[PDB]
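Peer 1: Part one of the assembly, not moved from where it sits:
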Amino acid sequence: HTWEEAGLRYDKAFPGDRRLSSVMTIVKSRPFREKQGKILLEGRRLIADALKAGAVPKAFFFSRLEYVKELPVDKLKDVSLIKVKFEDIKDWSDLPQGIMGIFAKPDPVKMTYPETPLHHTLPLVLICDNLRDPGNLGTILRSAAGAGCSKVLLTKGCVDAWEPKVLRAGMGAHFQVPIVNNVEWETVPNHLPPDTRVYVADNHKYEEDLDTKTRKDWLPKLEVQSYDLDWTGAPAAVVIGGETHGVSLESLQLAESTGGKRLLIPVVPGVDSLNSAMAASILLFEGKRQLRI
Amino acid sequence: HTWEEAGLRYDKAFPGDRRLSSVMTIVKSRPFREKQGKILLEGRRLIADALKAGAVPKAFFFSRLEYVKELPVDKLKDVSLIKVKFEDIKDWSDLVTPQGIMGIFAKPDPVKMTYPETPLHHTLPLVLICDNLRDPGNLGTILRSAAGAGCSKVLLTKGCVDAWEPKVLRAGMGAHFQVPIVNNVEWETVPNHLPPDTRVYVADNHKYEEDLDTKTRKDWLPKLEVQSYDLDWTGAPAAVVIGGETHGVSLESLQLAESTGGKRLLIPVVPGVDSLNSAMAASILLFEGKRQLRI
Amino acid sequence: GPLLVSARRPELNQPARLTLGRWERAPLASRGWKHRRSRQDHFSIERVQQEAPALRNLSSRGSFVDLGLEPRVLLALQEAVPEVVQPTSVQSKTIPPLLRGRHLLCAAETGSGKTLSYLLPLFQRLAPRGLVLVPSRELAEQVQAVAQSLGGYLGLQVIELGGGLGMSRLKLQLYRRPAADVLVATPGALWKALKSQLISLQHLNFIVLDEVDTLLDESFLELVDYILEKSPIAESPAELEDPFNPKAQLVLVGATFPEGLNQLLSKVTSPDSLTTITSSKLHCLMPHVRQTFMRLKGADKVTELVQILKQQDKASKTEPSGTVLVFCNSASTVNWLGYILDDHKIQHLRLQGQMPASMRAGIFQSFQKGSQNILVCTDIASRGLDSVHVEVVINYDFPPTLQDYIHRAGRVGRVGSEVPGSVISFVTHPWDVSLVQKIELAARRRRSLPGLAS
């Protein structure tokens, strides 16, 4: 039953509707998300977060009409409002309390982040090195979101930030921090602001990025800088050892060449490389303290 | 008949035992855990950390002997070692495929718990209080987060997740036993749990605060000055309070900080989103003290 | 009457009583399948038989005793394989001549009892005592396991030899196991053993060739010739029973036979000394199996494929359902599709010919063990694969040839099948319209597919 009432339109799932089928292909497969430029949001709160952030949506699938009435329909311009089976929601979502929201793949550089972090937004970049855990990625973005990092870079092999599970892990952190994905190491220096010193927390699988002949003799003897020392005096960049690969070779070379050092957090045994959530969180904040002081 | 192999003695269990059926319901049915007050530990390195960390063993069921070598043979001397059919192990746990071994544990005593000195080297004079926690994975991630950090002490108040609930412990992957934790602390005794007059800093900007306007949140309860998280708060012994997943801190927490001379910690977030995943909420604030104290 | 052909467009639906004939060009549902604009136009061939054709008419076929099988063998057969209460048509015709030592050529479909057709005379008739040549390693595992199970009851040793295995690893397996009276080997590995002289065929008394058409593939044709020069072959049954001059009995089993095989057999034995038996259903369409044809693009195939999976998921949610076999022509599509399946959080297996031999063996056994209900496999799995419990065969990539389809088709509707088999094939664009046209035309005419002559 599709209803047109008092200027409010909301559709119902149709028999044989191909629209629903495309959702799971878009939702579950990131390459299709890039091919189509779409993403999925889970939960009213995260859905409401996108509406407040002014993210451009694509479609909303909801079990209950009450959610549409609960939601501001005025902000639902770009979404086809469709009533769907609760079985369809589970069929089309591996996780949604009667609401599903498909959104256009946002461009974080174009995303609307208002003043409050911008007052504390610095030319600081958080870099996750081969972060292969979707749960860490989304929750990691909180630290850059809360700290106010100008832009975030993910090295090759990192999980897709726009994946709904990562969106679930961050619970809206993607709408709070600018993110750049699949950043190539060759382009990282361009991604760094001018005069940026790269400081790397050092914890290894980066030895697998080395020629076998020179594999064992290519370990950089980079100076160990305690992370509690002042590093924010000039533009700076933060590198995070991934839970899987840790700090890559390129990060170690870049830090020495960029005039920086190792933002070494002594990694506690039992966690071979400090959890990217923990490594990311520590470095970003007190940089705000050092600059504020 | 007990089988002797590689110096490890393990019995062969009998399927269909009614004891397994009782535990089957305990682990799978969360409400049943409260009625029986029993807990489960899953995984060889999780069990190994637990026993090294003072956890009280009752019995260990393992599918293969290879895991037993990874188990803490030092702490298996007085514990029943029975090689069971994996089907019995599979039924008990919420996870279909455990790491071949599971164990039943009594409530460990935090004082007797032994935590690796490695967190202690990076540990701070910092105490943590959790309020109305509702997610186990964040708790295990928080303690796995805390294991990476080195939190000195953690107090879990009433209404929080059962920290010894089986799935809670699994997420920690041994981190529950790498950092001190105190369970079901009554808010009346929370000031006693901390060293009296220790500056307690409450994380405040929460889900309950989203519904409540900031103005109508200081009239009936002590008023705490709001300071940015980056302002140094660890100059003296510091205590931190972190709100539970999508719940926030309670009334007693705000009363506690002002009595101890503490202040509220403010996290400036992008307007349009109030609080992100609480799992790192403790982590992001907890580390803020970490680097400050080193300076 | 019940629809013999059912299509999305009803006007062309056919009743249970109509035959058009060779001269008349049937108006098939795939006759006009050209322009993508008419999406989703499908047609399914319904199951016309409720009884398994192999099991049907078992009472009308003579007993095993009439086949010359000894009562003592029957007692062992009852204990070893009680399931085969009555012999099929192929078994009834094939067993008696084999016990008499006459060379036999058997043409029959998969699951018709061909394996048991020669195994029963093989054991009664009996430095290996018997030789089994199989084109694929997977078939070797099945035959060796089946032969070993029968051997264990009879106190006989059976081993498996897979092609592509290292010579030093090949020797390791031989030395770690006791001498086997009967050996199941692939042409590639068997040729390696013969070149190294690890085995002698002078004492070989029985040679078995399964999937002769596949065994005759150019990949193995040269290897077979090398075996022949080292293999003494019996010329008449009298020599087979002569203890002074023992020779090897030759038995041929296959689904199709390329032209010219007679010349190869003529030089080894007289053409009139070859006993040829043809199954009544050989090269015939299977009525008891449902065949589904859906109009899908590569992008739309994923949509329908998941929809079919949802139907299977719904079917499992309602009542227990059999395993689903997914056939893909290329490994790259398997990996490309597998990631999509992994993206969907769907438990599935990935199988293709170039996977590690050790890894493939474990996965094949795991699928037999029922570890995962969804298996994606290439053409390597279309031969020598157990599919008793397989409910749906999904040809995600349309089979290139009819013979491959028959091998895929034989997987469903086997003896002892717990579930009613179904076949699903996808045509991305009008690439194999002629293939679909031939299948539909044969069904309407109830005739064998053209070009299937053995």
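Peer 2: Thanks, I have the structure now. Numbering: from 1, shown residues only, chains lettered A, B, ... in the order given.
Peer 1: quick one, phi psi at residue A:62?
Peer 2: When quoted as degrees, to the nearest 10, the phi and psi of residue A:62 stand at phi -140, psi 140.
Peer 1: tally of neighbours for it?
Peer 2: 25 (other C-beta atoms under 10 Å in any protein chain shown). Using the backbone N, CA and C atoms, a C-beta is placed for each residue, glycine as well.
Peer 1: tell me the contacts of the nearest residue in space to it that is not next to it in sequence?
Peer 2: For residue A:62, the nearest residue in space outside its immediate sequence neighbours is residue A:99; the separation is 4.6 Å by C-beta to C-beta, 6 or more residues apart in numbering or on different chains. Each residue near residue A:99 by C-beta atoms under 8 Å, 6 or more residues apart in numbering or on different chains is listed here: A:43, A:44, A:47, A:60, A:61, A:62, A:63, A:64, A:67.
Peer 1: Out of those residues, who's the most crowded?
Peer 2: Using other C-beta under 10 Å as the neighbour definition, the contacts of residue A:99 reach their maximum at residue A:61, which records 27 neighbours.
Peer 1: Show the subsequent helix or strand relative to whichever strand or helix holds it.
Peer 2: Residue A:61 is located in strand A:57-62, with elements delineated by DSSP states H and E. Using DSSP H and E, the helix or strand that follows strand A:57-62 towards the C-terminus is helix A:65-70.
Peer 1: give me the residue from the stretch 101-250 of chain A nearest chain C.
Peer 2: residue A:163 (9.7 Å; C-beta to the nearest C-beta).
Peer 1: Just the CA atoms of stretch A:173-191, as CSV, please.
Peer 2: Below are the C-alpha coordinates for stretch A:173-191, written out as CSV (Å, rounded to 0.1, in the frame of the first residue of the first chain):
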residue,chain,number,x,y,z
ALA,A,173,31.8,8.9,13.7
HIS,A,174,32.0,9.1,9.9
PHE,A,175,29.7,12.2,10.1
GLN,A,176,32.1,13.7,12.6
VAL,A,177,35.5,13.4,10.9
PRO,A,178,36.8,13.8,7.3
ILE,A,179,38.1,10.5,6.0
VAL,A,180,40.2,9.5,2.9
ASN,A,181,40.3,5.8,2.0
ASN,A,182,42.7,3.6,0.1
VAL,A,183,45.5,6.3,0.3
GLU,A,184,48.6,5.2,-1.6
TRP,A,185,51.9,5.7,0.3
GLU,A,186,53.4,7.5,-2.7
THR,A,187,50.7,10.1,-2.4
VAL,A,188,50.9,10.4,1.4
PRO,A,189,53.4,13.3,1.3
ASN,A,190,51.0,15.3,-0.9
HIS,A,191,48.2,14.5,1.6
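Peer 1: one step back: let me know the closest of the contacts of residue A:99 to chain B.
Peer 2: Closest to chain B out of the contacts of residue A:99 is residue A:43 (10.1 Å), distances taken as C-beta to the nearest C-beta.
Peer 1: RNA strand D goes on too:
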RNA sequence: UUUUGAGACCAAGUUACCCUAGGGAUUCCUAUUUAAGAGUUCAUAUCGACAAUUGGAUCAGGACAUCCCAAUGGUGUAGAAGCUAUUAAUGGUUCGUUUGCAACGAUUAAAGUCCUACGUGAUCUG
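Peer 2: Placing RNA strand D onto the earlier chains gives this:
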């Protein structure tokens, strides 16, 4: 070009500007089409109505792989409690929250694990 090295290329709409191929139909009776119910059984021997020409709510049934209830052996069971085992599906197995894979809250003798085309609801009009 011999050898040596550890038979729609791929690729969306739209046509009432169209073209071709066809398929259909063009109050109580009467003629076609359909067939619930009548006919002991059985639609069309004989007749013959109606026509065509969402999350939920309500109520649960069943499986035993036994959570509560129930019947028992043994005990590192004096009794009672427990612990350890057998037998048994007998009836039960709450109400909500879930910032949507998980969990909390409050109770209960217990809030077993599941299955039963969402287990199961039969507007009105075009």
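Peer 1: Show me what the strand holding residue A:61 is packed against.
Peer 2: Under the contact criterion of 3 or more C-beta pairs under 8 Å, 6 or more residues apart in numbering or on different chains; DSSP states H and E, the helices and strands touching strand A:57-62 comprise helix A:18-28, helix A:44-53, strand A:80-83, helix A:86-92, strand A:99-104.
Peer 1: what's in contact with the second one?
Peer 2: What that stands for is helix A:44-53. Counting by C-beta under 8 Å, 6+ apart, helix A:44-53 makes contact with A:41, A:57, A:60, A:67, A:70-72, A:75, A:97, A:99, A:101, A:103, A:111-113, A:167-168, A:171-172, A:175-176, B:246, B:270-273, all of which sit outside it.
Peer 1: again, only using 6 Å
Peer 2: Applying C-beta atoms under 6 Å, 6 or more residues apart in numbering or on different chains, the contact partners of helix A:44-53 are A:41, A:75, A:99, A:101, A:103, A:112, A:171, A:172, A:175, B:272, B:273.
Peer 1: Now do it: distance to the chain's middle.
Peer 2: Its chain's average C-alpha position is 16 Å from that of helix A:44-53, according to C-alpha atoms, centre = their mean, to the nearest Å.
Peer 1: So that helix, near RNA strand D or not?
Peer 2: Yes: figure legend: helix A:44-53 in contact with RNA strand D (C-beta under 7 Å from any atom of the strand); contacting residues A:44, A:45, A:46.
Peer 1: ok, residue 42 - contacts?
Peer 2: All of this refers to chain A. Residue A:42 makes contacts with A:95, A:96, A:164, A:168, as judged by C-beta under 6 Å, 6+ apart.
Peer 1: try again with chain C
Peer 2: Contacts were defined as C-beta under 6 Å, 6+ apart; by that measure residue C:42 touches C:8, C:293, C:294, C:295.
Peer 1: hang on, residue C:436 in a strand?
Peer 2: No: judged by DSSP: H, G, I helix; E, B strand; the rest coil, residue C:436 forms no part of a strand; its state is helix.
Peer 1: Go ahead and confirm it touches residue C:28.
Peer 2: No: counting by C-beta atoms under 6 Å, residue C:436 does not reach residue C:28; the two are 8.0 Å apart.
Peer 1: For residue 215, grab the count of nearby residues.
Peer 2: Just so you know, I chose chain A. Residue crowding around residue A:215 was assessed by other C-beta under 10 Å; the count is 12.
Peer 1: I was after chain C.
Peer 2: By other C-beta under 10 Å, the residues close to residue C:215 number 22.
Peer 1: so it touches residue C:134, yeah?
Peer 2: No: between residue C:215 and residue C:134 no contact is recorded; they are 7.6 Å apart, counting by C-beta under 6 Å.
Peer 1: now for RNA strand E, put it on the one above:
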RNA sequence: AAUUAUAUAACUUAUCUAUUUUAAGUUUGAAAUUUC
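Peer 2: To build on what is shown above, here is RNA strand E added in:
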């Protein structure tokens, strides 16, 4: 739609002009090819 799209048109460099220290890129598309 996909794929291109030195028709043109713009910008940049030439170009041609002033001074003075159309072509090649790119972009649009006149269009082209194939599919729907």
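Peer 1: once more on the contacts of helix A:44-53, this time with RNA strand E?
Peer 2: Under the criterion C-beta under 6 Å, 6+ apart, residues A:41, A:75, A:99, A:101, A:103, A:112, A:171, A:172, A:175, B:272, B:273 lie in contact with helix A:44-53.
Peer 1: Make a markdown table from the residues you listed and add distance to residue C:168 to it.
Peer 2: Formatted as a markdown table, the entries for the contacts of helix A:44-53 read as follows, by distance: C-beta to C-beta, whole Å:
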| residue | distance to residue C:168 |
| --- | --- |
| A:41 | 58 |
| A:75 | 70 |
| A:99 | 62 |
| A:101 | 60 |
| A:103 | 58 |
| A:112 | 67 |
| A:171 | 57 |
| A:172 | 59 |
| A:175 | 60 |
| B:272 | 67 |
| B:273 | 63 |
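Peer 1: And those, which of them are buried?
Peer 2: When neighbours are counted using 16 or more other C-beta atoms under 10 Å in any protein chain shown, the contacts of helix A:44-53 contain these buried positions: A:41, A:99, A:101, A:103, A:171, A:172, A:175, B:272, B:273.
Peer 1: For the fourth one, list the residues it contacts.
Peer 2: For residue A:103, the contacting residues are A:39, A:41, A:50, A:55, A:57, A:58, by C-beta under 6 Å, 6+ apart.
Peer 1: circling back: for the contacts of helix A:44-53, which one is nearest residue C:64?
Peer 2: Distances from the contacts of helix A:44-53 to residue C:64 were compared by C-beta to C-beta; the smallest belongs to residue A:99, at 66.1 Å.
Peer 1: is stretch C:285-302 anywhere near RNA strand E?
Peer 2: No: using C-beta under 7 Å from any atom of the strand, stretch C:285-302 stays clear of RNA strand E, coming no nearer than 8.9 Å.
Peer 1: From one end of that stretch to the other, what's the distance?
Peer 2: Between the opening and closing residues of stretch C:285-302 there is a gap of 28 Å (C-alpha to C-alpha, to the nearest Å).
Peer 1: if I pick the residue positioned nearest the centre of chain A, what's in contact with it?
Peer 2: In chain A, the centroid-proximal residue (C-alpha atoms, centre = their mean) is residue A:161; its distance is 3.8 Å. Contacts for residue A:161 were tallied using C-beta under 6 Å, 6+ apart; they are A:137, A:174, A:179, A:181.
Peer 1: on that earlier part again, looking at the buried ones among the contacts of helix A:44-53, spot the one nearest RNA strand E.
Peer 2: Nearest to RNA strand E among the buried ones among the contacts of helix A:44-53: residue A:103, at 20.8 Å, using C-beta to the nearest atom of the strand.
Peer 1: Counting neighbours, what do you get for the residue nearest to residue C:183 when sequence neighbours are not counted?
Peer 2: For residue C:183, ignoring the flanking residues on the chain, the nearest one in space by C-beta to C-beta, 6+ apart is residue C:128 at 4.8 Å. Taking other C-beta under 10 Å as the criterion, the count of residues near residue C:128 is 22.
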